[PDB]
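A.B. asks: Residue numbers (the entry's author numbering): 1 to 342.
Okay, here's the structure, questions in a sec.
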Ligand SMILES: [Cl-]
Ligand SMILES: [Cl-]
Ligand SMILES: [Cl-]
Ligand SMILES: [Cl-]
Ligand SMILES: [Cl-]
Ligand SMILES: [Mg+2]
Ligand SMILES: [Mg+2]
């Protein structure tokens, strides 16, 4: 099993991808809008991915709501987390989790890269994609994100808290290539790290971002730092689940490492499943070869975490048109609940 999630180019698995999957057996896949055109087409894609894998593959997506939604071609839209936070509706948060879980399960998706546990500390901070945050302080994020994660998992879809160690505090720094968090660790555990600690039972996994924590490790970003991942995340935060990396194929991380070297470094640092989202095939064989150079006990530890995640994955609902109709109906009413509250 290749320890990574890889992306898929289109509506069906192509010839190069299928050959690489059979040969290398990636732990799973991440889907984007380019993979999602119709219900029948998506269920066929996820069925193909499961059939090509000996293990039960992670099949993941970023179905957050608002501007991070991958199902527009199906007519399935969802309100943003921030809008449901402004609405103050507790039932609306429950329903976002319940409806997301129901719809992803009908599509054969088994993991959702949510909740975002980043804190929107000031309404003046970075808003590249606005509306992704559940609140402006740790306690509101924990309450709202915890209700969300509970009802996503109640519906059988695995959750992922992101982005460790907390993007709300990350700032540009002309002394570094990547965003930087200069906070002391003690202050971090009182604020941006607190949602990850408080929600460990509700988080199937955690995704780490390519952020510099210079007071902990000034040479490697969090995803590639043994001191951040094994020290801060595993030892002091105590998280025992699967750790994903943010995409290694786009962004400033690519100006310093190619994706194959980056993925290997993240495994060595203690991550379990690096993300190779876009044009992954050139990078996989170098990773599969380098991975035999990892500490065998660390590899065994990571494999048991991935195997535990794999055993918790759910299979798609049996075909039933009225079930999908209810997904659309409930998704639409959820958007209307929010619009009527503005
Ligand atoms: Cl292909
Ligand atoms: Cl459809
Ligand atoms: Cl919004
Ligand atoms: Cl806070
Ligand atoms: Cl844990
Ligand atoms: Mg369509
Ligand atoms: Mg399988």
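No residue lacks a Cβ here, since even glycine has one placed at the ideal position from N, Cα and C.
1) Spatial neighbours of residue 228 within its chain, please: C-beta separation below 6 Å, excluding the five flanking residues on both sides.
2) Suppose you measure from the CA of residue 226 to the CA of residue 233; what does that come to, to the nearest Å?
3) Would you say residue 38 touches ligand 6, meaning its beta carbon is less than 8 Å from a heavy atom?
4) How would you write the range of the alpha helix (DSSP H) that residue 306 sits in, first residue to last?
5) Using DSSP with H/G/I as helix, E/B as strand and the rest coil, what is residue 273?
6) Can you pull every residue whose C-beta falls closer than 6 Å to some heavy atom of ligand 1, listed in chain order?
7) What are the partner residues of residue 2, as DSSP defines its beta bridges?
8) Can you check the region 87 to 119 for any alpha helix (DSSP H) of at least 4 residues that lies completely inside it and give the ranges in chain order?
9) Tell me whether residue 211 sits in a helix, a strand or coil according to DSSP, three-state version.
10) Please report the straight-line C-alpha distance between residue 342 and residue 231, rounded to a whole angstrom.
11) Do the region 166 to 181 and the region 107 to 125 meet, that is, are 3 or more Cβ pairs less than 8 Å apart?
12) Residue 295 to residue 328, Cα distance in whole Å?
13) If contact is defined by three or more beta carbon pairs under 8 Å, each pair taking one atom from either stretch, is the region 173 to 184 in contact with the region 129 to 137?
14) Where does the unbroken beta strand (DSSP E) through residue 161 begin, and where does it stop?
15) Out of 156, 308 and 76, which has the shortest C-alpha to C-alpha gap to residue 336?
16) What separation, rounded to the nearest whole angstrom, lies between the Cα atoms of residue 86 and residue 146?
17) Looking at residue 6 and residue 313, is the spacing between their C-beta atoms short of 9 Å?
18) Hey, out of 12, 245, 237 and 339, whose CA is closest to residue 200's CA?
19) Could you tell me which residues DSSP puts in a beta bridge with residue 244?
20) Hey, would you say residue 63 sits closer than 9 Å to residue 2, going by beta carbons?
21) Which of helix, strand or coil does DSSP assign to residue 267?
22) What residues sit near ligand 7, counting only those whose C-beta is closer than 6 Å to one of its heavy atoms, in chain order?
23) Give the residues whose C-beta lies closer than 6 Å to at least one heavy atom of ligand 3, in chain order.
24) Counting along the chain, where does the beta strand (DSSP E) carrying residue 59 start and finish?
25) Taking its Cβ as the centre, do 16 or more other Cβ atoms sit within 10 Å of residue 246, making it buried, or is it exposed?
26) Using a Cβ-Cβ cut-off of 7 Å (strictly less than) and excluding sequence neighbours within five positions of residue 65, which residues of its own chain qualify?
C.D. replies: Taking the definition as stated:
1) Within the chain shown, residue 228 is the residue found at index 228, counting from 1. Scanning its chain for C-beta atoms nearer than 6 Å, with the 5 sequence neighbours on each side dropped, one finds around residue 228 the residues 213, 216, 217 and 222, in chain order.
2) Start at 1 with the first residue of the chain shown, and residue 226 comes out as number 226. Start at 1 with the first residue of the chain shown, and residue 233 comes out as number 233. So the two alpha carbons sit approximately 10 Å from each other.
3) The count along the chain shown starts at 1 and reaches residue 38 at position 38. Checking the Cβ of residue 38 against ligand 6 gives yes.
4) The count along the chain shown starts at 1 and reaches residue 306 at position 306. For residue 306, the enclosing alpha helix (DSSP H) begins and ends at 296 to 312.
5) Reading the chain shown from its first residue, position 273 is the one you call residue 273. Residue 273 falls in the strand class under three-state DSSP.
6) One residue list follows from the rule of a beta carbon closer than 6 Å to any heavy atom of ligand 1, given in chain order as 9, 14, 15, 16 and 17.
7) Residue 2 sits at position 2 when you count from the first residue of the chain shown. Beta-bridge pairing links residue 2 to 26.
8) Listed in chain order, the complete alpha helix (DSSP H) runs (minimum 4 residues) inside the region 87 to 119 are 90 to 107.
9) To locate residue 211, count along the chain shown from 1; it is residue 211. Coil, per DSSP.
10) Here residue 342 refers to the residue found at position 342 of the chain shown. Here residue 231 refers to the residue found at position 231 of the chain shown. Computed Cα separation, rounded: 44 Å.
11) Touching, per the Cβ criterion.
12) In the chain shown, counting from the first residue as 1, residue 295 sits at position 295. In the chain shown, counting from the first residue as 1, residue 328 sits at position 328. Between residue 295 and residue 328, the C-alpha separation is close to 48 Å.
13) Flag = no, the region 129 to 137 and the region 173 to 184 do not touch.
14) In the chain shown, the residue the question calls residue 161 occupies position 161. Residues 160 to 164.
15) Against the chain shown, residue 336 aligns to sequence position 336. Residue 76 is the option with its Cα nearest to residue 336.
16) The residue you call residue 86 lines up with position 86 of the chain shown. The residue you call residue 146 lines up with position 146 of the chain shown. One C-alpha to the other measures close to 16 Å.
17) By one-based count along the chain shown, residue 313 stands at place 313. By one-based count along the chain shown, residue 6 stands at place 6. Between residue 313 and residue 6, the C-beta spacing is not below 9 Å.
18) Along the chain shown, one-based indexing puts residue 200 at 200. Here the closest residue by C-alpha is 237.
19) As a first step, residue 244 is located in the chain shown; it is residue number 244 there, counting from the start. DSSP, once it has assigned bridges, lists 207 and 273 as partnering residue 244.
20) One-based indexing of the chain shown puts residue 63 at position 63. One-based indexing of the chain shown puts residue 2 at position 2. Contact: no.
21) Numbered from its first residue, the chain shown carries residue 267 at position 267. Correct three-state label for residue 267: helix.
22) Taking a cut-off of 6 Å from the heavy atoms of ligand 7, the residues with a C-beta inside it are 50, 53, 55, 56 and 57.
23) Per the Cβ criterion, the list is 66, 80, 82, 83, 130 and 131.
24) For the purposes of this step, residue 59 is taken as the residue at position 59 of the chain shown. Unbroken beta strand (DSSP E) run through residue 59: 58 to 61.
25) Taking the chain shown and counting its residues from 1, one reaches residue 246 at position 246. Buried, because 16 or more other Cβ atoms sit within 10 Å of the Cβ of residue 246.
26) By one-based count along the chain shown, residue 65 stands at place 65. So the qualifying residues of the chain are 78, 79, 80, 81 and 96.
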